[PDB]
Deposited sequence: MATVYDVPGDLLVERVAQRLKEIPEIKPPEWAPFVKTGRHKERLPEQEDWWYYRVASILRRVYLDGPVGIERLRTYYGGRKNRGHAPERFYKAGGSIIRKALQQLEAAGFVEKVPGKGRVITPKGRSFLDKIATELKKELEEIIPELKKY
């Protein structure tokens, strides 16, 4: 299966778990300082997983385009607050892990390693859904 063949939320969950074992993916200790479930406890892993999937889907894609995609105005020169820092750090860690690269004049793209990483996890998830859902009791 590929990323296209599984739901995004469950894929990001499963990718997040696998990213925990990748040494370069190091939570920056930003989310714990916010007061305003695994997706919260493991926020950074989910964030990086989501961004990796977004690069797979949308690449080539630039930092500012990702920032505005995720944000709650395009201004690539402007001094990044929290959202820009998140994209930048995620992309730095993903590049260090070999999963994304920069293409001059194009943006970030997923590498063959990154693509296979996602597609392997998608294949596992697809198999699980195919097994579990049809076998659930009705009532």
Deposited sequence versus model: which ranges have no CA atoms?
-> 1, 38 to 43, 80 to 83
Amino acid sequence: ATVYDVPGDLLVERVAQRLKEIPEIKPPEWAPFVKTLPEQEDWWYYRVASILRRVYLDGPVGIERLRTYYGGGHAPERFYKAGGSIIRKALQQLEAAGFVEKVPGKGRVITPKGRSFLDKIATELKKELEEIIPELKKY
From here on, numbers count along this sequence of modelled residues.
Mind pulling up the entry and telling me whether 98 to 106 or 45 to 53 has the higher mean Cα temperature factor?
-> 98 to 106
Would you mind checking where the Cα B-factor of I86 ranks among the modelled residues of its chain, as the lowest, middle or highest third?
-> lowest
Rank-wise, by C-alpha B-factor, drop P112 into the lowest, middle or highest third of its chain.
-> lowest
By the record's CA B-factor, is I132 among the lowest, middle or highest third of residues in the chain?
-> highest
Could you tell me which third, lowest, middle or highest, the C-alpha B-factor of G73 occupies within its chain?
-> highest
